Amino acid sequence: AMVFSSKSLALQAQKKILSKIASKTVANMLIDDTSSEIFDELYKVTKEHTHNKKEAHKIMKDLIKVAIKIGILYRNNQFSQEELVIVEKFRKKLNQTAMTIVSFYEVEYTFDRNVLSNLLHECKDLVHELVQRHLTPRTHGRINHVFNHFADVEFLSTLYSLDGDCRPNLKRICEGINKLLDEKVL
């Protein structure tokens, strides 16, 4: 009874396309197991700091979304020349802040929450510049929600404070970060 339909053929092909995507994605994640681990730790710290399991989940969800968005733009060459210049700037800034985080951990007396806050703000601004010509509905707000939370001096003080209960987390975080610096992911 059903007659020929090109729409049907197209949707049939799309089925296979979507399966292949599922595969490729599983085999080539934009986010490393190491990068994810760091994310789980920032998650736990976020929990302890906000005592709001769901605000934590929201924050991390958003962060992962923005990250994935940037990764997809960069993998699909959506970035212009100017924008690639901004990608490099962001690479540098991110390297600086990661080493600053690790150093504030490994070397006591050096931790300044204002310095690290300032750096994270610089990261945020770079991300904004990066997605200006590519901004979906929810993004801008996700960017601010994530980076304002991580550059809040009190979150940082919580993460680093010795008289706290995150020390172990900050450690695994810095271990991860050092792995990524080594592999030159960061």
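The first residue of the sequence shown is number 1, and the count goes up from there.
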Comparing mean C-alpha B factor in the record for 82-90 and 107-115, the higher one is 107-115
Averaging the C-alpha temperature factors as deposited, the higher value of 55-63 versus 118-126 falls on 55-63
Residue set 166, 9, 17, 177, per-entry CA B-factor max assigned to 166
Per the deposited B-factor column, the C-alpha that peaks among 68, 38, 159, 131 belongs to 159
Here the Cα B-factor of residue 1, set against its chain, lands in the third termed highest
